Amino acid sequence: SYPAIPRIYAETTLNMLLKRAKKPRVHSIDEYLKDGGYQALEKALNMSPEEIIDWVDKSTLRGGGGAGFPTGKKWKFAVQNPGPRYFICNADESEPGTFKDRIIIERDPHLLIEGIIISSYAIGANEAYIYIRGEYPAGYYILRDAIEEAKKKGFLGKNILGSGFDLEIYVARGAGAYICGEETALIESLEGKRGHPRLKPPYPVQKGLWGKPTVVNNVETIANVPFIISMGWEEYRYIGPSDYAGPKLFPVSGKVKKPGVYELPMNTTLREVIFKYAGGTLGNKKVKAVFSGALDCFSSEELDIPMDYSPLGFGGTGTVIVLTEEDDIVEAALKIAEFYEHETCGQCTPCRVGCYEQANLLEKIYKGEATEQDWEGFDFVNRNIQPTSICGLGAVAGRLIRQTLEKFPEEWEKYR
C-alpha cells in the first residue's frame, strides 16, 4: 500500500520504456518476469563489461537528464580510471514541467533496477545509488520494495546468478533542493552534506563519490539499457533517425488537450508532439510559446524543429509546456524568475544576487511599481547571472527570460 499518486496519462508508439508504464499502476516482479524481464541482465552477465559499453556506445544512447551526453562515452571514461567505481541513478527530477522519470519509477521499477544492474556491471561498480527527490515519497517506497523483490529472486546481492558480480543498490531521498539534481551537488548530498556543486573538471567519472570514479546517469537513460542488450544495438538504432536513435520521453503540459508523457522517436517535430499526439490546444487557441522546462522559450515560428539533440533541435529533457495566445508572457517569465530565486545555492556571487534581483525587479515591473532604474537594472542583472558560476543553474537562469525579451518585445514594451 503506497501514498496516493495522480494518474498521469502516458502514450507510446514504440512500446518500450512505457510498455508497462503506459498503465498507471505498480508492476511487480512476477509481471515483469512474465514479460521477459531480467533476461537482458542474464545475457549481460554472459558478456564482458567492455562489450556492454561497446553496444551502449553503438546504440547512440544519449543522456535523458537534459544535456544529451553520449552514455557509452561517459562509461568508457570512468573505466579508464582505477577502481573502486560507483554508479548513481539520478532521480531528482525537479525541473518545471518535467515528470517523465517518475512514471518509470512508480509503474515499472524493475526496468530501472535491471538497467542499474547492467550499467553497474559494465563499469565495475559493486555499489549503486538511487537519489530520489523527497517530494516523490511513493516512488521511494515502491523502489525500496522492488529492490527487495529483486534480492529475493537473486538479481541483487553477492555472486549474482553465479557470475561472481556483487551489487547492492541503496536508495537515498532528497529534501527539497532543485540543486541536488546537479550531479556534483547530488554526490555531496549522498555524502551527507549540503547540496553545493563542485567545479567540473574534475567530472564525476574521474572524481565523484568519496573522490572515486563515478557515473551519474538519469532514470530515463538507464531504462534504455535493458532494451539495448535485449534487442542488440542494431535493432535499437532502427528506432527513429540513425544519428539520434531510440525512444525518448516527452512530458507535455499546459494548454494541451491530452497532457501526459509521450514515448516517441526523435524525428518527431514539436508541432507533431502538440497537435498529433497531445491532441492540440485547449480551446483550439493558437500556440504562443513553448517553455522547455525553465531552460528555453520557443515561439510559434519554431514548431517545425526535430525533438532531437541536433543544433536546430529541441533537445533538453523533451519538456513541452504549451502557452496559448491569451497567456501573459511577462507573468510566465516572472514564474521562471521566481523558480531560480528559490533554488540558487548561493556559492557564486553573481548567481546568488542575480537570481534574487531578477525575480525581485521583475515582480516590480509586473505589478507596475518599477522605476526607470529598476527596468535598466533588471536588463543588466538578467545578462549577468552567469559570470564566475560553477554550475549550469547560474549559466541558464537568465536564458529563457532573455528569449522572451527577444521574441515578444511588443508585450514587454507594454509594461512601461
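Residue numbers run from 1 along the displayed sequence.
**Student:** Tell me which of 298-306 and 222-230 has the higher mean C-alpha B-factor in the deposited entry.
**Tutor:** If you average the C-alpha B-factors of 298-306 and of 222-230, the larger mean comes out for 298-306.
**Student:** Take the C-alpha B-factors listed in the entry for 91-99 and for 275-283, compute each mean, and give the stretch with the larger one.
**Tutor:** Stretch with the higher mean C-alpha B-factor: 275-283.
**Student:** Out of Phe250, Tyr121, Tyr136, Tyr244, whose C-alpha atom has the biggest B factor in the entry?
**Tutor:** The listed residue with the largest C-alpha B-factor is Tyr244.
**Student:** When you compare the CA B-factors of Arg85, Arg107, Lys76, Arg173 as listed in the entry, which one comes out on top?
**Tutor:** By C-alpha B-factor in the record, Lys76 ranks first.
**Student:** Using the B-factors in the PDB entry, rank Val330's C-alpha atom against the chain and give the third, lowest, middle or highest.
**Tutor:** Within its chain, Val330 is a middle-third residue by C-alpha B-factor, going by the deposited values.
**Student:** Divide the modelled residues of the chain into thirds by Cα B-factor and specify which third, lowest, middle or highest, holds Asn46.
**Tutor:** Ranked within chain, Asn46 CA B lands in the highest tercile.
**Student:** Once the chain's modelled residues are ordered by C-alpha B factor and cut into thirds, is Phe155 in the lowest, middle or highest one?
**Tutor:** For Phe155, whose C-alpha B-factor we compare with every modelled residue in the chain, the answer is the middle third.
**Student:** Sorting the chain's modelled residues by C-alpha B-factor, tell me whether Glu235 ends up in the lowest, middle or highest third.
**Tutor:** It falls in the top third of the chain.
**Student:** What third of its chain's C-alpha B-factors does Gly368 belong to: lowest, middle or highest?
**Tutor:** It belongs to the highest third of the chain when residues are ordered by C-alpha B-factor.
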